[PDB]
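Student:
Number of protein chains: 2
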Amino acid sequence: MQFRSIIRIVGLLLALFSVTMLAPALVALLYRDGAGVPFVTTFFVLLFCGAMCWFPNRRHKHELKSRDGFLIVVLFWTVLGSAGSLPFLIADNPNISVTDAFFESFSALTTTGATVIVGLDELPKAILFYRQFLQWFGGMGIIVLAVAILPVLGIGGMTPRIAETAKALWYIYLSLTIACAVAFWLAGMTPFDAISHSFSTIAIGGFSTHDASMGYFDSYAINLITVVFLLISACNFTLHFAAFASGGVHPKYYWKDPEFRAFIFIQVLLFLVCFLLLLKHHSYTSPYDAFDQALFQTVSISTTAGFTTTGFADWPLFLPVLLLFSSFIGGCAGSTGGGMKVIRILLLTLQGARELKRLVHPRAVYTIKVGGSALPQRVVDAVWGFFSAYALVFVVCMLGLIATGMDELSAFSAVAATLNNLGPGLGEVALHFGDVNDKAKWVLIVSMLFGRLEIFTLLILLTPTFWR
Amino acid sequence: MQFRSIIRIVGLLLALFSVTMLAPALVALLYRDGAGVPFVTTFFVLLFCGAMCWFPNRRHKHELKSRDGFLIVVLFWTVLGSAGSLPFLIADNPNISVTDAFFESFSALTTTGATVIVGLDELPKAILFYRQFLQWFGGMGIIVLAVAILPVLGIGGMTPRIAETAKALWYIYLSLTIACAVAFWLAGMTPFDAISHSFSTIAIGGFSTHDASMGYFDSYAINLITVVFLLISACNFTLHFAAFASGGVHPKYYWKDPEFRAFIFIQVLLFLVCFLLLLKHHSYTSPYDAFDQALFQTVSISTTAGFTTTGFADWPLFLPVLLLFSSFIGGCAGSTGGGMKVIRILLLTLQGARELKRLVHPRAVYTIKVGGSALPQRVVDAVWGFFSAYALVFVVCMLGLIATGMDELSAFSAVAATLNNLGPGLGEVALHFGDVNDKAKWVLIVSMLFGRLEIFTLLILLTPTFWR
Ligand SMILES: [K+]
Ligand SMILES: [K+]
């Protein structure tokens with residue numbers, strides 16, 4: 001099991017985390033205020049803990065088989081998500097509840113995007129920043145996690177070299193959060209509203225400074241930037257490594273990957289169906305606004321990002337509800353997405369197809385292939401075993417949220433907002449957490465843990481056969 | 001393709017069906033009234049059609065491969081369900097709409113149990129009978145269909177001998193609808209309310225004479241009979257053939273089958289969780305009533321029967337919603353059930369299990385086995401390919417119902433009531449069809465067609481590769 005060597009990397013992360021608490025405090029000094037003291041408390045609070053899991057240790061046992069790696073990523077999200085709830089807890093200045101602080105933290109970390117703190121428009125910019133930061137960080141926590149996770153769950157798609181992997185990611189990540197934040201600034205976003213939004217935009221997070229997210233400034237120019245960098249960020253960073261470990265070698269590098277392709281078909285089709293139905297029901301008086309809102313939504317909520325510019329005014333009930341299911345897809349694998357990713361669908365619809373044909377030609381031998389042949393005994397089994405589970409989780413979560421207190425259709429929209437790391441409600445406009453049954457807030461946090469770990473990795477902790 | 005030889009069995013069925021229209025008319029002569037003339041019109045109306053598909057024919061081409069059988073059972077339910085809407089259409093005495101007549105017919109035939117005609121308490125007993133009959137018939141239509149359907153979709157669980181199969185079923189069927197109807201009569205049900213209820217009870221139908229179904233007479237004695245014959249009927253007739261092709265050879269014949277076992281565990285556990293939560297929230301003042309209602313519900317709605325004695329008074333929101341998901345199981349295979357049957361779950365949870373283990377011991381070779389080993393390349397693929405489809409259907413149906421007009425959570429409860437051939441609503445008490453958006457009534461009819469054909473057999477009609 002090698003518990004020790006684990007607690008050591010926990011102290012490494014705890015400690016490695018504290019060093020972040022400064023960036024927001026740097027802001028409660030620079031920007032106005034003076035009330036970002038709860039970060040400097042947190043900085044010592046956690047800096048201290050870290051080197052107290054790591055000092056009574058110093059024991060690099062490397063790898064340590066399957067049963068360790070699982071336990072690690074669970075802790076990674078488990079712990080650093082709990083820590084995050086400290087500056088909220090402490091800084092009882094934009095004073096929040098405890099479950100609230102936890103929620104607004106885990107949701108911040110997991111690039112989910114679900115808020116319990118309202119009236120954030122006028123807050124301390126050290127606290128406003130901390131919220132966007134955790135998303136930008138968690139955002140990294142995923143891409144490097146979706147490269148050192150393939151050794152386990154993410155198959156069919174080390175110790176001193178996994179490092180020089182992420183190393184590369186940092187750049188793709190950094191290039192984007194700047195390439196964006198600048199483009200956002202030219203849009204006219206205050207520098208702070210350009211760097212705190214370009215944080216939660218690459219991370220498919222969903223957090224905003226403004227209370228009404230991208231309701232923001234009605235600028236088609238901003239809504240055009242976001243939608244672009246969502247599409248980009250929502251598309252698999254190992255394909256970016258391809259376009260940008262060389263330079264102008266980008267072209268067909270993308271159009272050649274089928275998941276990237278499939279994803280593009282889905283985005284065009286989804287927008288089509290959404291944009292056209294905005295015009296059938298005359299939801300806007302200017303077929304331009306139709307274009308604006310339709311295209312933004314089918315992209316932000318499709319990719320499990322979570323940004324919203326509409327209340328869904330005269331929008332046909334259909335469109336949100338359709339958009340609520342969209343979130344079950346969105347985000348190529350190895351992206352910042354979160355629904356059972358693009359391929360898992362792509363595959364699913366192929367593996368299902370094979371099944372109908374296997375009804376007419378029960379002789380012929382088909383083998384599900386993407387460019388060159390999946391593994392119809394093995395990876396095929398993994399996909400539509402994951403699906404089932406995904407649904408089993410969803411059903412238990414909704415059923416536990418319904419017991420917990422809150423109503424039927426809401427539990428529905430809540431788990432759907434959480435499990436796909438989406439953020440908003442989206443059903444029949446009932447979309448606001450925070451003042452939810454408190455027990456329910458926990459069910460919810462434990463729901464977005466499932467969505468981030470793609471179920472198994474954490475589902476397997478309950479197994480009997482994971483314990484020995 | 002052999003179209004001809006098909007249209008011939010259609011005329012055989014149409015005609016073979018007309019001969020039934022007399023049984024209800026026999027009642028509009030015996031029982032009071034005099035207004036069961038629309039049955040005798042129907043009797044000639046259809047008797048005529050039948051021998052007009054079958055006379056310009058007489059061409060027994062036998063079997064005719066896969067692509068015919070599929071087309072047949074589709075027509076079976078498609079046509080005989082349309083005919084059924086005739087005595088309703090005609091008998092504009094308990095006068096009904098057209099989509100209403102079709103709905104109240106398809107739902108009657110498919111042992112679904114969803115009604116659009118209200119105030120049926122005081123109606124012509126020829127029409128009241130016809131409703132229960134269609135369920136009793138359709139009830140047969142399923143057991144003989146789940147024995148001459150294994151040659152196609154129902155695998156891993174002919175022409176002059178498939179006959180002497182059903183032959184046997186008729187008896188098991190007949191024994192039960194009498195064994196019951198008598199027990200119901202001693203309960204005190206009027207003879208007619210004993211034979212029209214013992215119709216829709218074996219057929220896991222759900223239809224009642226009384227408007228408030230088994231609200232009926234508050235007798236624990238009736239609620240005790242129904243629950244028994246539901247459990248019995250809800251359990252796989254080829255296991256009955258075992259206990260009763262010999263006699264006292266019943267004993268472990270059941271307890272040895274794993275699906276029968278699995279089903280029993282689910283019934284006890286479900287009732288436990290339901291019965292105990294009725295006492296935690298003090299929903300009844302006499303822990304006896306708790307026992308009564310809890311046990312009835314977790315059986316009628318679990319097995320996709322659909323009978324209800326409660327409105328769900330002080331019942332915790334949780335329990336109905338939990339019961340609404342229950343309907344996705346219920347009914348061993350080769351029963352009168354309708355959820356993706358007991359095994360499909362049983363298997364599903366096993367095939368899922370195998371998947372977690374395949375995360376820890378990626379070397380070891382597991383093979384999902386029930387008594388002696390399913391086919392981890394083949395039947396396993398079929399199960400959780402069916403599941404996915406089941407969910408795909410559900411989602412499209414709910415999304416089409418939501419477009420069609422009706423609201424979000426209702427569409428949810430409607431498709432869930434239709435696809436599992438359940439009958440009632442069950443969500444947050446909003447449970448009444450009939451006066452629903454009319455287009456939606458069709459989406460609903462075409463939803464319970466899917467539930468009865470277990471998806472594929474009709475899903476495959478849309479295929480490209482089914483057409484040549
Ligand atoms: K999000
Ligand atoms: K039923």
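Those sequence lines, one after another, are chains B and A. Numbers 1 to 157, 174 to 484, taken from the entry's author numbering, label the letters of the first sequence in order. Numbers 1 to 157, 174 to 484, taken from the entry's author numbering, label the letters of the second sequence in order. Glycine is no exception: its CB is placed at the ideal position from the N, C-alpha and C atoms.
#1: Just to check, is the beta-carbon of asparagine 57 of chain B closer than 6 Å to a non-hydrogen atom of ligand 1?
#2: State the CB to CB distance for the pair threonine 325 of chain A and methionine 230 of chain A, rounded to an integer number of angstroms; the pair is presumed to be in contact (CB under 8 Å).
#3: Work out the CA separation of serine 224 of chain B and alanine 433 of chain B for me, nearest whole Å.
#4: Under 9 Å between beta-carbons, which chain A residues line up against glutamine 313 of chain B? List them in chain order, please.
#5: Residues in its own chain within less than 6 Å of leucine 340 of chain B by CB, not counting five upstream and five downstream?
#6: Should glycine 443 of chain B be flagged as near chain A, meaning a C-beta pair shorter than 7 Å?
#7: Whose beta carbon lies closer than 6 Å to any heavy atom of ligand 2, going through the chain in order?
#8: Could you check how far apart the C-beta atoms of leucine 375 of chain A and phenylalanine 472 of chain B are, in whole angstroms? I think they sit under 8 Å.
#9: For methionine 174 of chain A, which three-state DSSP category applies?
#10: Would you mind sorting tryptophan 186 of chain A into buried or exposed? The rule is 16 or more other CB atoms within 10 Å of its CB.
#11: Going by Cα to Cα distance, which pick from A:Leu190, A:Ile188, A:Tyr189, A:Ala210 is closest to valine 198 of chain A?
#12: Under 7 Å between beta-carbons, which chain A residues line up against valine 411 of chain B? List them in chain order, please.
#13: Within 10 angstroms of the Cβ of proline 124 of chain A, are there 16 or more other Cβ atoms? Answer buried if so, exposed if not.
#14: Can you find at least 3 beta carbon pairs, one from the segment 452–468 of chain A and one from the segment 96–116 of chain A, that sit closer than 8 Å?
#15: Sort B:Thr193, B:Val144, B:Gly154 by Cα distance to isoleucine 178 of chain B and report the nearest one.
#16: Quick one: using the 10 Å Cβ neighbour count with 16 as the cut-off for buried, is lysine 357 of chain A buried or exposed?
#17: Quick check: what's the CA-CA separation for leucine 120 of chain B versus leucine 128 of chain B?
#18: Would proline 332 of chain A pass as a contact of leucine 293 of chain A if the rule is Cβ separation under 7 Å?
#19: DSSP three-state label for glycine 34 of chain B, please.
#20: Count the CB pairs spanning the segment 24–40 of chain B and the segment 88–107 of chain B that are closer than 8 Å, and state whether there are at least three.
#21: Can you tell me where the alpha helix (DSSP H) holding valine 412 of chain A begins and where it ends?
#22: If the cut is a Cβ gap below 8 Å, which residues of chain A does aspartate 423 of chain B touch?
#23: Give me the Cα-Cα distance between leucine 89 of chain A and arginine 131 of chain A, rounded to the nearest whole angstrom.
#24: So, does the CB of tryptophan 77 of chain A fall closer than 7 Å to a CB anywhere in chain B?
#25: Using a beta-carbon distance cut-off of less than 7 Å, what residues from the segment 425–438 of chain B approach chain A?
#26: Determine, using beta carbons only, whether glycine 368 of chain B comes closer than 7 Å to chain A.
#27: What residue from A:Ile149, A:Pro56, A:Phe55, A:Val10 has the CA that sits closest to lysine 65 of chain A's CA?
#28: With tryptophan 77 of chain B as the anchor, note down where its alpha helix (DSSP H) starts and where it stops.
#29: Less than 7 Å between the beta carbons of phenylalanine 323 of chain B and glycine 221 of chain B, yes or no?
#30: With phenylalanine 482 of chain B as the anchor, note down where its alpha helix (DSSP H) starts and where it stops.
#31: Leaving aside the five residues before and after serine 214 of chain A along the sequence, list all residues of the same chain whose C-beta is less than 6 Å from its C-beta, in chain order.
#32: Can you pull the chain A neighbours of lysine 373 of chain B, defined as C-beta to C-beta under 7 Å?
#33: Between which two residues does the alpha helix (DSSP H) harbouring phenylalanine 291 of chain B extend?
#34: In the DSSP assignment, the alpha helix (DSSP H) including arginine 370 of chain B goes from what residue to what residue?
#35: Which runs of the beta strand (DSSP E) spanning at least 3 residues fall entirely within the segment 419–456 of chain A, listed in chain order?
Tutor: Taking the coordinates as given:
#1: Judged by the Cβ position, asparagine 57 of chain B fails to qualify as a neighbour of ligand 1 at the 6 Å threshold, every heavy atom of the ligand being at least this far.
#2: Between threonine 325 of chain A and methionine 230 of chain A a beta carbon distance of about 5 Å is seen, short of the 8 Å cut, so the two are scored as contacting.
#3: Approximately 17 Å between the Cα atoms of the pair.
#4: Result: empty, since nearest Cβ-Cβ is about 16 Å, beyond 9 Å.
#5: Sequence-distant partners of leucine 340 of chain B (beyond 5 residues in either direction) whose C-beta falls short of 6 Å from its own C-beta, in its chain, are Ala432, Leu442.
#6: Closer than 7 Å: yes.
#7: In chain order, the hits are A:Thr111, A:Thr112, A:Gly113, A:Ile220, A:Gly221, A:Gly222, A:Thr320, A:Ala321, A:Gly322, A:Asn437, A:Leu438, A:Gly439.
#8: Contact holds; Cβ gap of about 6 Å.
#9: DSSP, read as helix, strand or coil, puts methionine 174 of chain A in coil.
#10: Label assigned to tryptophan 186 of chain A: exposed.
#11: The closest CA to that of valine 198 of chain A, considering only A:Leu190, A:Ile188, A:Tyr189, A:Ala210, is found on A:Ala210.
#12: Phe341, listed in chain order.
#13: Its Cβ being crowded by 16 or more others within 10 Å, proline 124 of chain A is buried.
#14: A contact exists between the segment 452–468 of chain A and the segment 96–116 of chain A.
#15: When the alpha-carbon of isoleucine 178 of chain B is set against those of B:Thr193, B:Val144, B:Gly154, the nearest one is in B:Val144.
#16: Within a 10 Å sphere around the beta-carbon of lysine 357 of chain A sit 16 or more other beta-carbons, which makes this residue buried.
#17: The alpha-carbon atoms of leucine 120 of chain B and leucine 128 of chain B are separated by roughly 7 Å.
#18: A contact, by the Cβ cut-off of 7 Å.
#19: Coil.
#20: At 8 Å Cβ cutoff, the stretches touch.
#21: From DSSP, the alpha helix (DSSP H) with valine 412 of chain A extends over 395–420.
#22: Below the 8 Å Cβ cutoff, chain A contributes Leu333, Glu444 as neighbours of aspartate 423 of chain B, in chain order.
#23: Annotation: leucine 89 of chain A to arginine 131 of chain A spans about 13 Å, alpha carbon to alpha carbon.
#24: By this cut-off, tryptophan 77 of chain A is not an interface position.
#25: Correct list: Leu425.
#26: For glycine 368 of chain B, the answer is yes, since a Cβ of chain A falls inside 7 Å of its Cβ.
#27: Answer by Cα proximity: A:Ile149.
#28: Membership of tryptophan 77 of chain B in the alpha helix (DSSP H) is indicated by the continuous run 66–83.
#29: No, they are not a contact pair.
#30: Premise fails: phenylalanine 482 of chain B is in no alpha helix (DSSP H) and is neither H nor E.
#31: Taken in chain order, the residues that qualify are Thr193, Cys196, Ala197, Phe200.
#32: Neighbours of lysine 373 of chain B on chain A, chain order: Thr481.
#33: Following the DSSP letters along the chain, one finds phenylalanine 291 of chain B inside the alpha helix (DSSP H) bounded by residues 274–296.
#34: Per DSSP, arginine 370 of chain B belongs to the alpha helix (DSSP H) from 358–376.
#35: Segments of the beta strand (DSSP E) lying fully in the segment 419–456 of chain A: there are none.
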